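This report refers to the structure that appears directly beneath it.
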């Protein structure tokens, strides 16, 4: 079995990507944030307190002939940004881009945090981390990917995120027409339940590649690229009039500027993020300041290769019993 679904940025800034998901019978189509940095499938629902739903489309279990209440199971999750939600749990049919899974644990939100209520475009999250992170209790539930694994042509999914443009989540196969060169595979640690890997270093612009280990997670639901302070200071040093701003909370630079590329290594391979990717956009509309697309991980406590990194790459999540991460230039 395979699936293939278009994923689209929710705004002109590429803050996040949404992908339509089909839940229930007959099918209820919601727009979910595919999040390789968590492992809960959660949605706005019939059950969600009314004054907390805000333009979002909801999943009504009672209109699905194939939904079933998972007796005594509840969940509660929070994200690095401080947002949260909680509720109880249905099993149901879930289809992504052709690929269907029966008895997928569909977590129904009874309450959502104010952040979610303001985000009109996001109808919930589909988590693609390891199942060890699932919040359901007393027994943890499998992700979409875990459940699909047996029927997939290959235990893998690939993320092809676009730079101000839709792209592609693929399940069960690697599309050779989508990248250039060859995929470079690197080892994953599952010890924290993340897609966690060790980058072999970095270069800024046209200068020298420093081999230094960067431990980091590949996280499709994190907008920016967060790296050790001293790496980040190295980058923005090449942008004159770049400075760190307390007020706006990170490095800011003149929209005027041509930003240098950033290169990060994967084994012996090099992936290069074009300067234009790191120009996130103006801090307010009309401003001559833009917010920087690479920022310090120091306050997060883990390095995150989020959307700014990943969209420069064709990325293969390899879900074999020993999982690997593949990067290719595209």
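Following Swiss-Prot, chain A shows residues 90-419, kept in their order.
A Cβ is built for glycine as well, from the same backbone N, Cα and C atoms used for every other residue.
Quick look at what Swiss-Prot annotates:
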ACT_SITE  124  active site
ACT_SITE  288  active site
DISULFID  344-379  disulfide bond
DOMAIN    106-417  domain 'Peptidase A1'
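Feature annotations (Swiss-Prot) mapped to structure.
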residue	record	DSSP class
124	active site	strand
288	active site	strand
344	disulfide bond	coil
379	disulfide bond	strand
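Residue 288 (active site) sits 27 Å from residue 379 (disulfide bond), taking the CA atoms of both as reference points. Taking Cβ-Cβ distances under 8 Å and a sequence separation of 6 or more, the neighbours of residue 379 (disulfide bond) in its chain are 341, 342, 343, 344, 368, 369, 370, 371, 372. Least packed by the Cβ count within 10 Å, out of the recorded positions 124, 288, 344, is 344.
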